[PDB]
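One chain follows as structure tokens, the form deposited in one PDB entry.
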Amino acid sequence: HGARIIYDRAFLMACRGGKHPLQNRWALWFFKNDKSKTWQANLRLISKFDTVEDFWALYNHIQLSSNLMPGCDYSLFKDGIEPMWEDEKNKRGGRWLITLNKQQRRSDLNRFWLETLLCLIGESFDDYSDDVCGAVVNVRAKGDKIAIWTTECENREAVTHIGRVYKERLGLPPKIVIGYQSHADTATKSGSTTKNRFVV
């Protein structure tokens, strides 16, 4: 009653086959592989949903048909946010980034992507869930990337809480440290690496 709709992992999994509404409407995006065109130009909206059951029907459909889709990059964002760092809701933000080197494609990509999506749709970060914009998976030859995008890179308490809960939900050992990068820093190419604003 003014209260946030929060779902844990077990509940979301028990809904996998009256619909259960989500706090937010979400949009799944894909980028086509056409290198004669810009990323903006290759952006496609796949579908929008705001129920747990519509989430699973979409996830199940993509998971079976993705080997046949022309490209390698998916994004899940809150309704009204484009998965581009120049969006008003992204320009001051950044991302918690998980890098998965080669072996971890076979073993970890599918499980890490799903656990990410469940954190988003289930509002797993308490009031700091409002700082979340979306998540992005980049499927590459050299190694995959999964990231949660947030709206304000100077909100250290929101960003650090998101980071801590995300790492815990991924099951990562405290030994494997994850970094938060400002989109403004990621945009500038200064060598092989981009500065971390925060680490957990």
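Heads up, when I say rigid core I mean the largest set of C-alphas that superpose within 1.5 Å between the two forms. Just count from 1 along the sequence shown to find any residue number.
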Q | residue 191 to residue 192: deposited residues without atomic coordinates | A | none
Q: With reference to the PDB entry, specify whether the mean Cα temperature factor is higher for 146 to 154 or for 166 to 174.
A: 166 to 174
Q | 124 to 132 versus 103 to 111 - greater average Cα B-factor per the deposited record | A | 103 to 111
**Q.** Residue of maximum C-alpha B factor among 80, 71, 83, 93, per deposited coordinates
**A.** 71
Q. Which is it among 48, 44, 161, 37: the one with the largest CA B-factor in the entry?
A. 37
Q) Which third of the chain holds residue 183 when residues are ordered by C-alpha B factor: lowest, middle or highest? A) lowest
(Q) Is residue 19 in the lowest, middle or highest third of its chain when residues are ranked by C-alpha B-factor? (A) highest
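In what follows, reference is made to the form deposited in another entry, a form of this protein that is not presented.
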Q.
Against the rigid core, a Cα displacement of 2 Å or more between the shown form and the other one applies to just one of 69, 139, 165, 57. Which?
A. 69
Q.
So that I can tell if residue 41 moves, could you say whether its C-alpha shifts by at least 2 Å between the shown form and the other one after the core superposition?
A. yes
Q | Distance direction in that other deposited form for the C-alpha atoms of residue 71 and residue 53, relative to the displayed form (3 angstroms or more) | A | farther
Q: Based on a C-alpha change of 3 angstroms or more, tell me if residue 71 and residue 57 lie closer or farther in that other deposited form than in the shown form.
A: farther
